[PDB]
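So this first bit is one chain, no partners, the form deposited without its partner chain, shown in structure tokens.
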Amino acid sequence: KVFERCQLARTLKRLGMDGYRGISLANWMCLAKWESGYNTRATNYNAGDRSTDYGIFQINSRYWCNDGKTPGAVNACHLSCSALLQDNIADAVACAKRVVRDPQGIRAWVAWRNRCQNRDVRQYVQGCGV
């Protein structure tokens, strides 16, 4: 599924993402926008280390989900990476929350650092009723 902007903002708010571990909804929107263009079935294979990024948040298989084909990988979210390719984003949200419970927080995603950190992200939630 490719979410429209505001529908995703409300979906995320309903899932308890607004202010989760101090991360505003606008930051999560900026993250999903730059990681996948709000696309839940997005995938990116990293030929360099044999891992793959999954879903709307492009969560990596080396540490977060199990896809059975990533060397020496772990599964911190305790999910099959398949769960991160569903139209329903509940599991991807549970996993994204798990990611940010770690020291880096929202900084775990380099794209957030490149396109969201110290930027005016208000535009991502404007007019969505959130």
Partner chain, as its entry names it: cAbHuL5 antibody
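Numbering follows the first chain given and starts at 1.
K.L.:
Looking at the entry, does 66-74 or 82-90 show the higher mean C-alpha B-factor?
P.N.:
Result: 66-74.
K.L.:
For the stretches 120-128 and 3-11, which has the higher mean C-alpha B-factor as given in the deposited record?
P.N.:
Per the deposited B-factors, the answer is 120-128.
K.L.:
Tell me which of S61, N27, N39, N44 tops the list for C-alpha B factor in the record.
P.N.:
Across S61, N27, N39, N44, the entry lists the biggest C-alpha B-factor for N44.
K.L.:
Compare the C-alpha B factor of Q104 with those of the other modelled residues in its chain, then answer lowest, middle or highest third.
P.N.:
Highest third of the chain for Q104's C-alpha B-factor.
K.L.:
Going by what the PDB entry lists, where does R50 fall on CA B-factor within its chain: lowest, middle or highest third?
P.N.:
For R50, the deposited C-alpha B-factor lands in the highest third.
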